[PDB]
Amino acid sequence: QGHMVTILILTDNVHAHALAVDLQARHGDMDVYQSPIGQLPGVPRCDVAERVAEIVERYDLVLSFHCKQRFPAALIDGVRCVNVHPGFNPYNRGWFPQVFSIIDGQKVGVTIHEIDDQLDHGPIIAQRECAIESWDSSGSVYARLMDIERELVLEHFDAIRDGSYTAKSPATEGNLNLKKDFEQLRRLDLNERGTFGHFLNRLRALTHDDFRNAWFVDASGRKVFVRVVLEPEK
């Protein structure tokens, strides 16, 4: 690779974009793009499936953040690809890890890994845990994860740039959540039974700033959105 690694950053996430802009300031020989479905205003857009040859020619590393789908096989063939996933691989791989970890008690955190042909699966370069508190919501754990992502990436950047790491596969496969798994959690069945703790975990997992995630339908057919506000005694 040597001393001049040309880097393509791909992300649709607002925090990771901001981090990428800081990396570009440090690195220089870097372009930062979003996908055809990103919502970052003014950020150049790249359809990776259609631009493979061009990417393989121009860049020495592709560094994605919070990637949701597989890369083209040819891209993997042609160029080193690394992803930054805001989960603790291999637990709750896939969509919105802290939502699922609030519910199931698995670790959450940030994982830098090589990209293979399974989602959030390839060999791990670096990772960092984020402890979840009994008062946390999705929103509050996520803000900490974004801080962790920044710290972790900045710590390991030169090694990622230089390829001077040796990544290691996780010992187990873990589990994967899909977009549809999140959507399925949103509907609250008023007749569902459980413990109060189970229900509070559900609510706090679906609480993320003012997103209208959780809803129920009342006996008259009216939909009602729900979120919780949790505050530890101090």
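The first residue of the sequence shown is number 1, and the count goes up from there.
Remark: stretch with higher mean C-alpha B factor among 164 to 172 and 39 to 47 is 164 to 172. Two stretches are in play, 118 to 126 and 81 to 89, and the higher mean C-alpha B-factor belongs to 118 to 126. Among 61, 32, 205, 178, the highest C-alpha B-factor recorded in the PDB entry belongs to 178. Residue 201: CA B factor in the lowest third of modelled residues in this chain (values from the PDB entry). Among all modelled residues in this chain, the alpha-carbon of residue 16 has a temperature factor (C-alpha) in the lowest third. Per-chain ranking of the deposited C-alpha B factor places residue 214 in the middle third. Sorting the modelled residues of the chain by their CA temperature factor places residue 143 in the lowest third. Ranked within its chain, residue 70 lands in the middle third, by CA B factor from the PDB record.
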